[PDB]
Amino acid sequence: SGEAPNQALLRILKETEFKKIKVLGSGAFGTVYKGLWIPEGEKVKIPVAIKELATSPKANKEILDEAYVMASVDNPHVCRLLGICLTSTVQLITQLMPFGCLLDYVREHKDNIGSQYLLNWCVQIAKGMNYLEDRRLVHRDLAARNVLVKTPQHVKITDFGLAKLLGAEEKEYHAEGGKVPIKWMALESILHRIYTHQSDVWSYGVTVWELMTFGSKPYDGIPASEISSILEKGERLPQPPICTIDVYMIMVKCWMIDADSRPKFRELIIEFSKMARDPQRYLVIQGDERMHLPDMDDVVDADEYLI
Ligand SMILES: CC(=O)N1CC[C@H](Nc2nc(Nc3ccc(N4CCN(C)CC4)cc3)c3ncn(C(C)C)c3n2)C1
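First residue of the sequence shown: -4, per my numbering; consecutive thereafter.
Structure representation (structure tokens):
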């Protein structure tokens, strides 16, 4: 066969199995709800988020593309769809990520986040992305806002509203118009609308910068139309205060002009894993030693060695 059959199950869930309990988020697109899912006859209550959007035939087409992608992934560091409800406007049903997105989380808990948590998040995000790359999937909107927190110890990548699947012999995605976030975009993406796993790596680099600065805005103040010019001249995001040159050098590499010179996600996993073994040698954080939220230099556990 040209390509491999996608045999994922799309699950359809009766409206009467859910119970919206509270708006969680709203704006633009639609709103996201917190709820409970109680499958029929089972004795189980599953905390869920329910994501919708008035009915426009343009919207439903796009939310179903998103369900398609979310239903095709299965990994501890990715959010998968639990199912869809076919109400007048189609709802996506996902597992509830109780602590919200990671951007707001690091802003809110700035003063209580130790280096161990920061480096572990980098390892986990890299594992999710490496998985998405295994599934031949280019995310195209990786950012701190699109990483969610199941616990402070455990995060997952979300938001496949722009994700694209690539043939077994296709190696780029050539996009069109439509608002993409320029400040997380690789250079090739901004000049040529080309996207690859390697341009996800660039976006990974920006996301890591967001975390290290406890939630700063990339090129704060700068109008998007300028970014391509800044980047072309050779400018990048500044080294975060807590960052050793070891860590910042990794961010810089994710931002090479030559996309094949950037690190692979499976390398990002290895490098950050090693740093996670001695956190304080790589991030310098005032008060690090006592923080709480609810030669073997080269040793890597096999679980983190992925080839
Ligand atoms: C950037 C943006 O527009 N967002 C990010 C969050 C939301 N999308 C979302 N949220 C989920 N859960 C959640 C959300 C906020 C909290 N609190 C509420 C109380 N605040 C003091 C602190 C945070 C708690 C939980 C969520 N769970 C699963 N998903 C799916 C769609 C992956 C979620 N999406 C919309």
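Note that the Cβ used here is the ideal one computed from N, Cα and C, for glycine as well.
Which residues DSSP lists as bridging residue i, in chain order
i           : result
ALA44       : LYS29, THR89
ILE7        : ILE79
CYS249      : Answer is none; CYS249 lacks a bridge partner.
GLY20       : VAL27
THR146      : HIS149
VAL133      : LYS159
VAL203      : BP columns for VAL203 are empty, so no partner.
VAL73       : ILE152
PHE13       : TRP32
residue 303 : Coverage of the chain is limited to positions -4 through 302, which leaves residue 303 absent and any answer about it impossible.
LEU98       : DSSP lists no partner for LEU98.
Contact under 9 Å by Cβ, residue i with residue j
i      : j      : result
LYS14  : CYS80  : no
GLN86  : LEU77  : no
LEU143 : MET180 : no
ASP215 : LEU137 : no
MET207 : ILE240 : no
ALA139 : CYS74  : no
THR84  : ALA44  : no
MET270 : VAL242 : yes
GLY25  : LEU48  : yes
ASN125 : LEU232 : no
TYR28  : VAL18  : yes
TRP32  : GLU57  : no
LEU157 : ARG130 : no
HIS192 : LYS151 : no
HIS149 : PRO274 : no
Proximity test, residue i beta-carbon vs ligand 1 heavy atom, cut-off 8 Å
i      : result
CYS96  : yes
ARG6   : no
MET291 : no
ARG140 : yes
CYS249 : no
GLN193 : no
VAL27  : yes
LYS46  : yes
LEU132 : no
Residue burial classification, residue i (beta-carbon count within 10 angstroms, cutoff 16)
i      : result
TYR277 : buried
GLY30  : buried
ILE7   : exposed
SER21  : exposed
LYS46  : buried
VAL279 : exposed
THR82  : exposed
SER268 : buried
Ligand 2 heavy atom lying under 8 Å from the CB of residue i
i     : result
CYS74 : This structure lacks ligand 2; its bound ligands are ligand 1.
Validate contact between the stretch 197 to 208 and the stretch 158 to 170 using beta carbons, cut 8 Å, 3 pairs = With a cut-off of 8 Å, the stretch 158 to 170 and the stretch 197 to 208 do not count as touching, because too few Cβ pairs lie within range.
At least 3 beta-carbon pairs within less than 8 Å: the stretch 213 to 227 vs the stretch 118 to 126 = no
- Query: Are the stretch 250 to 260 and the stretch 277 to 289 touching, with three or more C-beta to C-beta distances below 8 Å?
  - Reply: no
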